[PDB]
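[1] Task: produce atomic coordinates for the following.
(chains A and B)
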Amino acid sequence: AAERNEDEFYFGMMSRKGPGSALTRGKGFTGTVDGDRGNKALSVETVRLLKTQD
RNA sequence: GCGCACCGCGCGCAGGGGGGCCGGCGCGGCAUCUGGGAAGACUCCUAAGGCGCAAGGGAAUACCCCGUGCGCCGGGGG
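    Numbers count the residues shown, from 1 in each chain, chains lettered A, B, ... in the order given. There you are, the coordinates:
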């Protein structure tokens, strides 16, 4: 954290959401980067399929 | 009709059959009036925007709140 480069660029930054700050995260601030549970916003046709099943 | 005063009524109670059919309650209609809901698509349809589903974040942690992907309607213009 001391010897980091402020103008650094990685291409995972275009596909990840950073740790933020206490002001952009607020009470839900830990110092970490969130990960993916594999959940997704599912479209309306396939939810119609899943609710005919239900 | 028994017990209580065999110098008395009435009383504690078992309950027959009908009565005053007095009022409440129950059920049935009730031309209207009253209230609520539904309601006509000219009407009302919450606004120039809203709604739904699925994910994401936060909690008064039963409720609720905020703005990503899919859709559904709408206003305006046309």
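[2] so who does residue A:9 touch?
    By Cβ atoms under 8 Å, 6 or more residues apart in numbering, residue A:9 lies in contact with nothing. To be clear about C-beta, it is placed using only N, CA and C from the backbone, and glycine gets the same treatment.
[3] And it, how far from residue A:37?
    27 Å (Cβ to Cβ, to the nearest Å).
[4] likewise residue A:22?
    From residue A:22 across to residue A:37, the span is 24 Å (Cβ to Cβ).
[5] Which of these two has more residues huddled nearby?
    A side-by-side neighbour count of residue A:22 and residue A:37, using other Cβ atoms under 10 Å, places residue A:22 first with 10 against 6.
[6] and the more buried one, what does it touch?
    Contacts of residue A:22 by Cβ under 8 Å, 6+ apart are residue A:29.
[7] Next, find the distance separating it from RNA strand B.
    Residue A:22 sits 12 Å away from RNA strand B, going by Cβ to the nearest atom of the strand, to the nearest Å.
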